[PDB]
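Below is one structure; the comments refer to it alone.
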Amino acid sequence: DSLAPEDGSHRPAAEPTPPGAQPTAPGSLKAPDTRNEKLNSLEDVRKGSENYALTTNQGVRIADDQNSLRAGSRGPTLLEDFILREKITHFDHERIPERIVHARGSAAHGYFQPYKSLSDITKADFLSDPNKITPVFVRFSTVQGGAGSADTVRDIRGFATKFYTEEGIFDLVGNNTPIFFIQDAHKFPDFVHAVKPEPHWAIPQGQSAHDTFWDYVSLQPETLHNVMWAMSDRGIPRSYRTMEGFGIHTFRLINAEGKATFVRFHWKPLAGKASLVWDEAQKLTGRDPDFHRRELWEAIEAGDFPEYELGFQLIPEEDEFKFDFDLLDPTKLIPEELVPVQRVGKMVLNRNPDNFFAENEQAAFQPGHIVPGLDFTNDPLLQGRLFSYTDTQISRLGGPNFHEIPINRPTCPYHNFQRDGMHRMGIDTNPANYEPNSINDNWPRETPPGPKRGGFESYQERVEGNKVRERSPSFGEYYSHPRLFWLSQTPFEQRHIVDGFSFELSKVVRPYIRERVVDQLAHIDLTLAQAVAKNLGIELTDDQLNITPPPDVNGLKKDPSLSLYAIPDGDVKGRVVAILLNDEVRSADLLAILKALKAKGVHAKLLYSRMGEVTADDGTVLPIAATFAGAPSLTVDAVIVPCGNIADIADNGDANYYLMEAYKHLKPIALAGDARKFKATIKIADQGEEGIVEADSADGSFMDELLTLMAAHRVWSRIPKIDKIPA
Amino acid sequence: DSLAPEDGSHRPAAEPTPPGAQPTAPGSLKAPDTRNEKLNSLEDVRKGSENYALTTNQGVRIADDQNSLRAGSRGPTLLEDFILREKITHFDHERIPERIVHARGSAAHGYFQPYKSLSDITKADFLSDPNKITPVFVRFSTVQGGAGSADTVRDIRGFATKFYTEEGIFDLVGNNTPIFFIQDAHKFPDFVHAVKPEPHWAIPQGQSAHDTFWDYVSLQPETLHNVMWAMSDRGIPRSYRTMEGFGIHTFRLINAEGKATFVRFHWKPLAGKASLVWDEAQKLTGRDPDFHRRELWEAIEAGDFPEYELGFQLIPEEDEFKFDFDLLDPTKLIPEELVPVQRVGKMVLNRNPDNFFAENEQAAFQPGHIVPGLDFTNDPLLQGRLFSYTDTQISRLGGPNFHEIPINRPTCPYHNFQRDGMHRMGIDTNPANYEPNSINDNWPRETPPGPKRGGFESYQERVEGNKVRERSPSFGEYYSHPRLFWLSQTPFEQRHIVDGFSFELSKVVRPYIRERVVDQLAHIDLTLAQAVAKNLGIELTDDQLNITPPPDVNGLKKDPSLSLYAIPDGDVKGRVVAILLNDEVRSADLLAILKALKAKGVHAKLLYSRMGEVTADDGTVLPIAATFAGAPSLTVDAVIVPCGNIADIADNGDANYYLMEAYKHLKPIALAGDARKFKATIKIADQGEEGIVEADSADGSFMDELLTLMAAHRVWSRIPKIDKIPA
Amino acid sequence: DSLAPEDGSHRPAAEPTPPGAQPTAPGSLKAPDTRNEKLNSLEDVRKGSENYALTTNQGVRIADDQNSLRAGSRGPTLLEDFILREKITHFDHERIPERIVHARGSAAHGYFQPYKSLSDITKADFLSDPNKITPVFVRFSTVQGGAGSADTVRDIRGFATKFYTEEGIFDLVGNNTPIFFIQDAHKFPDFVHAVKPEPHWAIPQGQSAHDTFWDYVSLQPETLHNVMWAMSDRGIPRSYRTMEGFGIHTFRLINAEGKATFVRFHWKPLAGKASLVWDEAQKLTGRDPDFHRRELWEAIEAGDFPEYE
Amino acid sequence: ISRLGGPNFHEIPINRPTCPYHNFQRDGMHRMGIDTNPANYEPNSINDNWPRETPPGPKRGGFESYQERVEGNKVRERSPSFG
Ligand code: HEM
Ligand code: HEM
Ligand code: HEM
């Protein structure tokens with residue numbers, strides 16, 4: 001060997017580069033100077049490779065790693081080949097059970113800092129000073145599919161954050177919608193079995209579009225609120241960077257005085273909210289099933305660090321019963337019009353892992369991992385989650401020492417009398433393994449609860465009632481939140497919701513199930529019920545037309561913070577544009593394009609009908625990132641076609657389809673000079689249309705107009721015209 | 001609170017102290033300055049305790065570790081109690097499967113050094129320089145019993161040594177007898193199932209005295225040689241310090257020129273060879289089932305470091321076929337009169353572990369863990385062993401990363417393309433996980449074999465023959481090695497062997513099995529078979545009386561290295577003497593006794609009818625180690641009774657029995673002044689008797705005579721007189 | 001070949017015999033006519049052996065079970081020997097973790113029957129009718145020692161009964177003294193760590209006679225009551241047949257009208273109460289460490305069925 | 001052994017032979033079969049050596065490997081014929 005090319009092009013540069021410019025790499029090679037306390041303490045288990053000899057695991061150097069030991073060179077393999085056996089054995093035991101739910105996910109390292117001290121409301125140490133930085137490890141995920149399933153499915157997304165604080169690990173384990181599907185953890189296996197692949201044949205993967213899900217939903221109207229979010233474009237985010245996160249349950253903040261405040265946790269995406277459209281999402285599960293995982297990783301390698309603002313909705317203990325819903329009911333959201341989100345800090349994700357399995361796959365988060373200054377509530381869904389994550393981690397990660405797996409280790413001290421268990425790493429020197437003891441002078445010792453650095457003491461909440469298996473009558477209301485959700489959506493968001501339900505219910509084979517779901521929609525909103533019914537060829541009865549809509553939520557008839565798009569929050573930095581090249585590109589158009597993209601932090605992908613390079617009109621050699629078919633429009637946010645020799649691609653089927661697909665999917669399109677010939681493939685008026693940028697050259701205002709469209713994400717006014725396009 | 005006594009007597013002194021003087025403790029607290037390269041590298045996972053707060057595994061401080069969280073102080077325990085749940089969950093999962101064989105064992109840290117370079121015969125780096133120190137971890141064990149079974153059972157002993165070399169771990173996994181019971185690995189489960197507790201009722205523990213063992217033995221005469229070692233006093237060693245160790249198999253040494261030399265490995269105990277007698281051993285399993293584990297640990301805390309000399313039996317490739325037996329047959333020993341053991345180096349065990357479970361229980365040794373400079377042979381029992389150990393470790397230690405458990409880790413570099421698996425600690429940064437690769441320039445890389453630091457390449461032995469399941473005809477001889485062993489024993493050794501078989505066969509319920517074993521003994525030696533038959537009320541037939549004895553082994557009719565005692569090798573340092581106190585001890589006797597014992601490194605334990613203290617004749621306050629019943633004569637090597645007020649213990653039942661038990665078990669006894677009144681208890685002549693030290697006071701020659709008896713270990717001439725003794 | 005002696009003296013007679021008269025044997029060979037519903041349902045998974053060929057686990061008959069496959073009779077073992085590999089692999093994976101506590105234990109099958117209907121105080125179906133028999137499986141044990149430790153140590157004894165009822169399994173998991181050492185489950189690991197072998201050297205086995213235990217007891221006076229039982233001759237029973245058993249906790253009986261009655265469960269030994277003396281017990285741990293296991297099995301083989309009220 | 005939790009994966013219903021299987025292997029995680037054989041080893045006299053070995057033969061015989069001739073040195077080497 002000397003396999004590497006002599007020019008060094010096998011190794012990516014250790015500096016921020018745009019998506020697709022270099023091969024991606026382990027975080028610690030790609031960005032060796034990005035550090036935080038967690039990332040520095042993982043340094044003891046990191047292994048290098050360059051300049052080392054290949055060995056067995058026992059440190060024996062290997063001479064020939066190409067062959068098994070045999071009796072004669074065409075003979076039988078011998079049992080004494082301990083090198084083969086160790087290598088095959090390790091390979092044979094590589095896999096561990098995937099997570100029962102949220103098996104599919106993507107993770108990154110980062111840090112958090114508060115905006116100011118929150119000691120008036122919580123004694124939680126990570127929130128006590130704006131200069132105190134807490135390292136974090138975040139894992140984003142889907143819910144239903146296996147570890148090998150696709151990213152852009154329609155589903156809820158998980159959003160889990162491990163805070164490595166100085167007084168313990170705090171895991172904030174949330175999703176991307178503000179409520180869950182069910183109220184009591186006793187029904188979690190029933191709900192999850194219903195949405196997962198059906199048990200006789202294990203179909204379908206990553207989809208709720210099947211009979212058992214809609215059967216369960218039709219029989220359990222508590223589910224309807226999260227089902228509404230899942231059927232909206234919230235179920236198909238553009239990126240884990242452009243979705244919100246929520247803890248869902250009401251928890252408690254506890255201050256040094258012992259006062260409890262009810263809280264609901266929020267993550268606000270600083271890149272803004274943005275989702276795909278169903279056809280694009282579903283096709284993308286086939287063109288690039290790793291699309292979210294890839295775009296997260298590459299955004300970090302490019303310096304487009306995912307940033308989220310931590311927000312709290314705070315409710316005084318005395319206001320527990322002032323809403324028309326139960327605050328402990330996880331199928332109910334707290335409208336931001338009633339209880340605003342107070343901004344409290346920012347988290348930045350600025351480094352990828354080194355080994356996906358070691359750090360992402362083995363990561364273990366628990367909602368029960370809280371610290372002094374925080375506490376639980378009686379939310380019956382949250383209460384059952386406190387049992388389940390520790391239990392599931394004993395078999396997923398092989399034993400009770402999963403806190404010793406490097407990614408999961410606290411960065412603060414931990415000492416106790418727990419001993420042994422499978423794969424015990426820590427070697428205890430304590431003469432005692434029990435307390436109280438005199439032989440080690442009772443160390444390690446308990447610590448009284450206090451303002452800081454004190455022991456954990458539960459908030460002394462009053463408990464009164466009988467031992468009962470019973471749902472609180474306050475939780476038996478199921479249509480007002482789904483209604484408030486529906487009425488807060490724009491007209492196109494409502495349409496997407498109708499089309500989500502219609503598509504999904506079309507795949508339910510038993511027709512009575514679709515009719516039972518349509519009946520439930522009629523108790524939410526009649527316009528929604530009717531439009532779904534019409535796509536299913538179902539007719540509402542007399543009685544269904546007279547169902548009285550549920551009441552407003554505390555007087556609210558809408559809450560624009562529930563919409564993805566009603567209030568503009570577009571950010572173009574980190575988005576990507578496809579540029580369709582020709583064999584003689586007008587280089588003046590390219591410079592103007594590339595310069596304007598660069599100024600907003602927008603990336604470009606130069607596409608052509610083959611790989612290699614093409615030469616512009618001034619001799620600039622342009623390297624091609626991908627072909628038209630290899631990097632479809634689904635993977636980009638907008639498409640620009642510069643002038644040059646358009647005859648080269650004017651009859652290219654793939655080139656024409658690229659624009660028809662982008663057009664169908666409502667993406668901004670910009671055509672310079674003779675690129676305007678492509679207006680006939682997308683049947684666009686001679687005079688132009690909103691959403692289509694066109695001019696003689698890709699000049700001054702042409703780029704500003706494209707970038708304005710991109711900031712608004714998609715061209716929703718084109719919806720009525722895409723119906724006709726065969727694409 | 002306040003638990004430690006204010007005088008600090010809860011903590012043992014950090015310096016060498018005699019057995020029983022202080023509470024024993026973790027190695028790193030007891031002897032913090034004893035270091036070696038492996039002990040230093042374990043420092044990264046060692047945990048402290050003093051001055052730390054008590055936490056959960058996630059680093060959250062605990063305020064109340066005495067109570068569960070409940071609804072009211074007499075209410076039901078709440079599911080939200082995460083502190084209770086982690087603590088009980090870790091406890092609930094403490095246990096891991098015990099080793100299938102050798103589950104019971106005791107271990108210690110130490111170091112090895114060769115006497116001179118062995119470069120001429122092996123390129124093994126640990127043996128290339130007398131100044132090169134190799135850290136070791138050694139585990140001694142029994143074979144049959146579980147991890148909770150007793151130490152002083154009659155069984156074979158394991159003696160496994162892990163060498164942390166600069167070119168890889170080398171495990172030398174041997175036993176305390178030079179042969180094994182069976183020839184081919186395929187019968188290992190059969191042999192082990194036969195010796196282990198019987199399957200219907202799981203009895204008996206720690207014993208071969210039962211029908212299935214002797215049934216297998218009587219049908220598989222290959223077992224007879226190791227059975228003779230086990231029935232001898234070799235099966236009941238006095239200590240892991242006073243037994244020999246052997247690799248058993250013939251292995252190969254490979255030098256830099258590629259020459260192979262056959263080698264059999266040996267460990268010589270520098271404390272000498274010494275065993276118990278059956279009655280003592282059996283009773284000791286009940287009075288102190290942890291006797292060997294305790295004795296080892298305390299010898300190391302006292303500075304009596306177990307020391308062993310590594311020795312090689314070397315045989316040139318050309319002499320492979322020159323013996324009467326096959327060198328690859330593991331039921332055959334290589335007589336030291338034909339092939340002397342050449343001294344190679346010294347191993348010293350000088351520090352105990354910190355945590356038995358983490359370092360002892362999880363330690364994993366494999367005979368397949370060899371390094372360049374060593375190689376295997378076709379011994380068919382060893383060949384099968386190469387498969388078994390890695391296999392068993394995937395379940396016992398939970399996955400294929402058992403090399404990352406701290407005690408098992410190489411101290412030299414290890415790098416390769418193995419990834420994942422349960423409990424993966426190492427975080428790999430190599431962009432490649434395969435070779436050949438270009439993206440990491442093919443690192444880590446293969447290394448050609450060579451004189452030092454080269455890759456492992458198997459010795460190119462010629463193989464020729466058909467694929468067969470067939471025992472070599474050269475292995476078909478079963479009685480000459482058993483006969484050589486027998487004839488090399490002293491007369492009292494022979495009697496102990498007769499009694500071992502007689503005792504064991506008396507526990508076999510089916511009489512025909514005892515008859516068939518007796519018939520096999522008659523093919524070894526008629527004197528042995530007749531004496532066993534007579535103890536079993538069996539009469540040999542006329543053809544059994546005419547079976548021709550097997551031939552001598554290469555002309556030898558005996559080899560004194562096979563006896564424990566024929567060639568004196570006694571060493572008193574680290575032995576212990578019981579001193580039976582009275583309530584007015586003559587202090588002049590005690591000073592003479594204790595100073596003489598101290599000069600030879602012999603320990604003492606001051607015994608009485610109660611605990612606390614007694615006052616000598618001159619006011620000296622004497623602290624009592626144990627009562628007569630609490631520390632029986634079984635635990636000591638000799639007994640001394642000083643003068644004083646003998647009428648205080650003259651009629652104590654326990655005091656008298658102490659002497660009868662030590663007298664029956666052939667230990668030296670010394671009686672000073674009026675203590676000679678006890679001569680009537682042990683019916684000893686007025687004139688005295690060899691083995692009994694007696695005088696007017698414990699003064700000049702008294703102690704030298706007692707120490708001479710101790711140097712010879714036991715008073716074998718007393719055997720004919722102990723048969724009368726009711727004790 | 002091989003055989004069994006021609007006189008058939010290798011096989012125990014299938015009828016009640018006294019301790020030591022014959023080799024002991026699996027129950028369904030020793031007492032083929034003893035049945036109950038549980039014992040009969042286990043017949044689907046019972047395996048015989050006589051008259052069957054030796055095979056791999058995949059049903060392939062084995063021709064030579066004495067040798068590995070090698071290249072020449074003195075050659076190296078070949079990787080293709082799948083018979084050897086399955087055989088050693090099964091053997092290598094025999095062991096499972098022992099119980100964290102109560103690892104040392106001896107068990108037997110049997111049956112339970114109430115004297116009269118308890119329908120006035122409980123709706124439990126196994127106690128509703130004096131002619132309704134409930135199969136049981138009982139496991140008796142020590143607490144501290146491993147599964148290979150000794151039987152006649154000084155310790156508490158566990159007495160666990162599995163009732164196979166018509167409305168579900170009821171497990172009555174008790175001990176041989178009416179109280180436990182500690183009050184709250186949160187201290188269990190603390191107490192058990194203190195009585196168990198000390199963590200630096202893993203000594204001593206099957207004994208509370210050591211510093212950590214007595215340190216814990218001296219700092220936690222709530223332990224004293226069970227300590228008193230443990231130090232009496234209740235800590236060294238003569239047999240599992242001659243000790244009491246107790247559920248320890250207060251549980252509840254619920255009748256068909258919904259009334260709750262507090263209840264504490266007891267087992268009375270119909271063989272009477274009897275214990276060893278310390279010296280005898282401690283010596284017996286060395287002369288016969290399987291004494292309670294052996295004497296229970298042999299009592300059942302002899303027709304001296306352990307009976308408890 | 002790790003995918004299916006132990007050495008008794010032949011007892012999982014789908015994997016079970018439909019023909020007889022008897023041998024001296026015992027124990028292992030999740031052991032379903034309850035063995036009544038007084039012996040768990042061979043050779044044994046206590047169960048008259050059952051279950052027993054069967055010689056190879058034309059039908060219903062024990063497995064015996066074909067006696068191919070092996071000749072060469074112990075090498076880690078690719079056959080030149082494969083290149
Ligand atoms: C508000 C409702 C819930 C939310 C927001 C939620 C969120 C999550 C997230 C984000 C993950 C993946 C964490 C990771 O990335 O590793 C997860 C995993 C999991 N969840 Fe929850 N969950 C909810 C309800 C429940 C309930 C009610 C249960 C059972 C009672 C449950 C059991 C589990 C389990 C067993 C896992 C796998 C954990 C592992 O293997 O480490 N979840 N959940
Ligand atoms: C000369 C013959 C043998 C010797 C000297 C020997 C020695 C030993 C020793 C000393 C140990 C315990 C290591 C420790 O303290 O952890 C051990 C364990 C073991 N032996 Fe061997 N043994 C022999 C034959 C065999 C054979 C033929 C097999 C199976 C083919 C076998 C399978 C095992 C297994 C499975 C373990 C447990 C290992 C673990 O769990 O790490 N042994 N043996
Ligand atoms: C009155 C108090 C208790 C009694 C009478 C009792 C009794 C027993 C008995 C008889 C067994 C062995 C069952 C068998 O033969 O398989 C056992 C096992 C066990 N006990 Fe308890 N115990 C008590 C308290 C506790 C507590 C407080 C805990 C933990 C909170 C606990 C945890 C365990 C565990 C983990 C096992 C092993 C079970 C298994 O592996 O199947 N015990 N106990």
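Residue numbering: from 1, along the chain as shown.
Cβ coordinates are placed from backbone N, Cα and C, and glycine is handled just like the others.
Sequence-distant neighbours of A:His102 (active site) (same chain, six or more apart, CB under 8 Å from its CB) are A:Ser141, A:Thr142, A:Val143, A:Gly158, A:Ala160, listed in sequence order. When secondary structure is read from DSSP and collapsed to three states, A:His102 (active site) falls in the coil class. Residues or ranges marked as active site in Swiss-Prot: A:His102 (among others).
Marked as active site by Swiss-Prot: A:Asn175 (among others). All protein chains included, A:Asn175 (active site) registers 23 other Cβ atoms within 10 Å of its own Cβ.
Other Cβ atoms within 10 Å of the Cβ of A:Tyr389 (heme binding site) number 18 in total over all chains. For the recorded site, A:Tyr389 (heme binding site), the DSSP three-state label reads helix. Residues or ranges marked as heme binding site in Swiss-Prot: A:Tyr389.
Feature annotation from Swiss-Prot assigns region 'Disordered' to A:433-467. For the region 'Disordered' (A:433-467), the residues of the chain that approach it from at least six positions outside its boundaries are 123, 125, 128, 167, 252, 254, 256, 258, 260, 371-372, 375, 378, 415-417, 419, judged by C-beta separation under 8 angstroms.
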About how far apart, in whole Å, are the alpha carbons (Cα) of A:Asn175 (active site) and A:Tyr389 (heme binding site)?
16
Give the residue counts of the region 'Disordered' (A:433-467) per reduced DSSP state, in the order helix, strand, coil.
0 helix, 2 strand, 33 coil
